[PDB]
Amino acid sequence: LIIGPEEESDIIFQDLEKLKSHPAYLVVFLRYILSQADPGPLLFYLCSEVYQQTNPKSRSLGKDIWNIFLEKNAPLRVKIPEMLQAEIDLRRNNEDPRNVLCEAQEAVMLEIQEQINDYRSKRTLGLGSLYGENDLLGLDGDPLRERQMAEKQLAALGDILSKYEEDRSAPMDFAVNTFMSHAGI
C-alpha cells in the first residue's frame, strides 16, 4: 500500500531436460554461458548426452570427449571426482563407459544448476534480451518451427566464440555443434 508517484518460459529455462528439447531456448542459454561463465560443464554434459544416445560402434566421440573435457591438460577441462575420472579413462580397455560417464554428468549437474539459477536471475533483471531471448517472441509449442529459429540463432554464437583463443573456441564450436547436430539443426 501507499501509492507510487509514477508506476511462462521460466518453466523451460529452469529445467535442463525441457531446455534440451527446446533448441531455441538452449541456444539462448549457451549464449549466456559462453559470455558470462565456464562453458565446460554444460558442453561436457551435452556431448556426453549424444554419447549416451549414440549407438555403440561411438568410439570416436568418446575419445574426443576425454581430450576436450576430462584429461589432464584439457582445454575445457571440467572438474569431477578423481575416482570417476580414473575409471572412465580405464574403459583404454575399450569397454562400455556410459555407466560411469553418466555419473560424471551428474557430478557436473550441480554447477549447471547454479548457472541455470544464475541466468534466471538475469531474466528477472529484465536482461534476457541481452542474450538473444528476444528471438523467442514469435514461437509456439511446435518442434519443426522452433528448431528453425535454432539456426540463425546458432550463427549469432560466432560473435561470442570468435572472442576466444583458438584452443578454446575450437573445442567449444565442436561441442555446440555435436549436440545441435544430434538435435537436428
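Sequential numbering from 1, following the sequence displayed.
Trainee: Does the entry skip any residues of the deposited sequence between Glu7 and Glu8, and if so, is it 1 to 3, 4 to 9, or 10 or more, or none at all?
Mentor: Missing residues, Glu7 to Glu8: 4 to 9.
Trainee: Looking at the deposited sequence, how many residues between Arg91 and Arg92 were given no coordinates in the entry: none, 1 to 3, 4 to 9, or 10 or more?
Mentor: Missing residues, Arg91 to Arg92: 1 to 3.
Trainee: Hey, which bit's got the bigger mean C-alpha B factor in the entry, 65-73 or 139-147?
Mentor: Mean C-alpha B-factor is greater for 139-147.
Trainee: Quick check on the record: does 173-181 or 159-167 carry the larger mean Cα temperature factor?
Mentor: The recorded data point to 159-167.
Trainee: Reading the B-factor column of the entry, which of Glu111, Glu87, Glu103, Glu95 has the highest value at its C-alpha atom?
Mentor: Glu95 has the highest C-alpha B-factor of those listed.
Trainee: Considering only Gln153, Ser121, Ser35, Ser48, which residue's Cα atom bears the greatest B-factor as recorded?
Mentor: It is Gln153.
Trainee: Relative to the other modelled residues in the chain, which third contains the C-alpha temperature factor of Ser129: lowest, middle or highest?
Mentor: Its C-alpha B-factor, which the entry lists for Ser129, ranks in the lowest third among residues of this chain.
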